[PDB]
Structure formats: structure tokens, C-alpha cells
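Just so you know, structure 1 and structure 2 below are the same protein chain in two forms, each on its own as C-alpha cells.
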Structure 1
């Protein structure tokens, strides 16, 4: 029963043509459920259950929060640029925070920020001070430590975040707890006197999965080239693992798939 509530913000100076410079998105158990950007200027549901369990007051307050964050992030982007003596170009501020209810019933919380891809400031694990990864973040820390910001975010992460995460897990229990089996497909192609075998798993949920290439009944280790778990458009996931062998030698290899939706691991073979 691992549950997570996460919010991430991105504030850019060079977003791209026709792209919002400020974007905030929220995830419950890895599933995107709320979204705000500087173009629509409104918090919007991204799942049916969050819209079906909230009133207009919720979205109005969230939209107010989002617009206030837009203004604050504009100013913070400018400040971070000037502490580096920077006048223009591609500069970005990133925020990532939230809370986790882990399987032992314990609580975890985090709130970290980044400037131009690298760490800038973060609330430390005791949630009592702010740690500045760069000197340019030391002024902010000072200000944030005289405004009682560490305790504010501690109270948010340890309470508000956790209770609203409990509400979200209630609202989306059927969706978050669902199981969708992967469609697996083994394929083979030969080139330069080498046989590349590939095993693709499509449309599985939840995200954790293991796809291994067995040779002669033994799990291969660093010989398999995996692509990681990548997203589908519909909230499911996809993965693919390849392995190189000799021209022929095809019956030696098997694909094994271990997932929460399969009571026993699936085994698949090539059929040319």
C-alpha cells in the first residue's frame, strides 16, 4: 500500500514557440491528475475521479494558488538569474515536492528545487532548515529561515499533503489499484552476422515489471539491453529488452515477464 502525492513545477525563460513558460503538474501514485500552466491560467482535472470528487470551490482555490505561484516563480526566476549575473538566455527553475505513505505506514516528505538542471535549495530530511547547494541560494535560505518557512513546509508535508493524499487514494482506488496485463511479443532480426532478439511488453499496469532474457534456462544479466519503463498515452506502460546471439541459436533464448497482473511469470519464444 505505497501511496505518493507529488507536485512538480517548471518555470522557463525559453519554453519554445507557443508553449507555456510556467507549468505545474500533480501525480497521485504516479498518475497525473491535476495540471496548471501560464496559458490557460486555471487548474484543471486530468482524471475523471478527481473531477467527480471535487466541487468548484476546490478548483477555484487551486487556480488562485496556481496564479500566485506563477507570479512568485516569475520573480524567483529573475532573482536566480541576477544572482548569477545573467541577463538572458535559456534558464529554468524546477520544483519537486510531496509526501509518501510507505508500506510500513510511515510518512516521508520532500521539497527540493533546481536551477538550470542542477540543485539549488532543498528542505532537508529533518525539515528544520534549508540547504543551499550553491552560494547563490544562501540569501534565499537566510530569508526563508527568518520567515519560518521550514516549519510551514513541514506542516504542509506532514499533514495537509498526507491527508489530501489519503482522500485522493480513496477517490481513485479503482483506477490506481487496477491491474492491466502486458501484451508481449518476441521478435528477431539479423545483421552483420549477429541475431538481435527483442522482447516487447505493451500496455501493462502498474509500472513495476521485470523482463528478463533467459539463455538455456539461466537469467542473463548485463548481456541484455533494456530500454527502461516508458509511458503509453493511456496511463499504461511499455518496455523492451534485447539480446545479441549467434546466427541461429534462437531456441536457446526465452523471454520471462514478471508483473503484478501475472500470477506466474510469462514465457515467450521466437517463431520465424
Structure 2
């Protein structure tokens, strides 16, 4: 803890070429563990631990939950387009929901939706009502509140979501609690007369990390540029920070990498 469970849903009129129009993927503590799409018509494990700690019930049920959501989302695409007076084109429904369990026993939840990449509607903090982000979502607010949708999502988020998240974290404790050391490389090709120094951490886990440039031993932040944290294909991450120097001042710069996996912070020069 903190521990998180997150589901994100995409429903699109224009995927497109050999791509599924409907997808749902689940993440525990920010890592992919579950996948469903309209081509497969099947939920599948994406980590060894989820597969090893569930029975066939789990997959057959989730699969049919996925197939059900597929029909509901087909209609919702239709409904939102009509609200927006659309008769064609690329459009998308997005759902994003889940729960957090904070180290302190306190939980959190959120249920929010977008249309064409913009806020459409969401359950509000007290989980008693929905707040439409656009006028087109107003009839939806009215309908759901008449149908006691908020209460139904209060239960899912505060009980169902949390209880299952407890099971998941327990299943994949070892995997989620592991550490993987980044290999770091510093490099500086140039031209146009500027020495561009780059420092890259490869395959670190968990996610959090610090990669900084030092100039005369002093951290040169204001002007280093980061690509942020981007994922590898194996549940590890990558980051890449650059800085331009004089061609010759190269020897004055050092990249420093701090990570939980490291015996000591890495400190590396160019060349």
C-alpha cells in the first residue's frame, strides 16, 4: 500500500483496421493484469499470479461481463452520438473506474466517463449523485439517479472493488513487491554545435525514479529535458533525460540515477 485497482474501457466507432472496437484492461498497482476485447470475446490473464490464483469461474464470469459491456457500450455509442446529433465519424466512449487502498486502511473510489476524449459524466465524491460535464449528459444524470445507479456504484467501489483488490495484492505480493535494477547509459552525439548529453535508465521497477544532470557537481535541472516514465514490454520502465552543453564542456557533466533497486546512487560521466 498504497495499492490500486483500475479498469479502463474504450468503445470506438473507428478502431480500426484489424483492431477491436471494444476493449477493457485492468491494472493492479499500475501494472496490467487483465485484458478483454471484442475480437477475442474473452477475458485473459496478463500476469502469472492472477492466472495461478483464480479458477475457471473467474474467467467465464468476467468474459461474460465483458461481452455484456460490449452490447451496452454499442448502444451507448449510439446514444451519445445522437445526443451530439452525430450520424457518422470517429467517436469514442471511455470509462475509468476503480479503488485505492491507502496504507492507512482508508479507501477511495472514482467512476468517470468521457466522450470523444472529453469529460462526459462522473460519479461525484460522495457517491450519491452524478455530475454531467456536458449538457448532452444531463438526461443520463437524470435517468441513472432515478434508477439508483449511484448507490449501485457506491457498493461496487467501496466493497466489491476493494475486496477483490485485497485478493489481488495478496496473490501478486511477490511480483508487485519486487525490484529490478536499471542499466544506465550516458551518450552525447551532437551537431549544429551543441553537445546533447543523454542519460537513460533501462528496465527499472518499481516506477518511481530520479535521473538528474550535474554540472559542476551542481544539479542542472532548469534545463535538462525528460521524456518522463515510459514502459517496457515486460513490466519494467524506461526514462531518458537530456541536456545540451558546450562541445568540450562535456567532461563537466554527470548523470545521477537514484532507485530503490540500487546499492548506491549511480553516478556517470560522458565518455
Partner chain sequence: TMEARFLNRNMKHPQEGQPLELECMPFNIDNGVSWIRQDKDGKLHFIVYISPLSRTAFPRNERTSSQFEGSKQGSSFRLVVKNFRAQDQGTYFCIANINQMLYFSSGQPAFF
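Note that the rigid core is defined as the largest set of C-alphas that superpose within 1.5 Å between two forms. Residue numbers count along the first chain shown, from 1.
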Which of these two chains, shown alone, is the form solved without its partner chain? 2
If you fit the two forms on their rigid core, which residue out of 170, 147, 75, 104 shows a CA shift of at least 2 Å between structure 1 and structure 2? 104
May I ask for the C-alpha shift of residue 219 between structure 1 and structure 2, in Å, based on superposition of the rigid core? 1.5
Superposed on the core, the Cα displacement of residue 233 between structure 1 and structure 2 in Å comes to 0.6
Core superposed, what is the CA shift for residue 264 between structure 1 and structure 2, in angstrom? 3.0
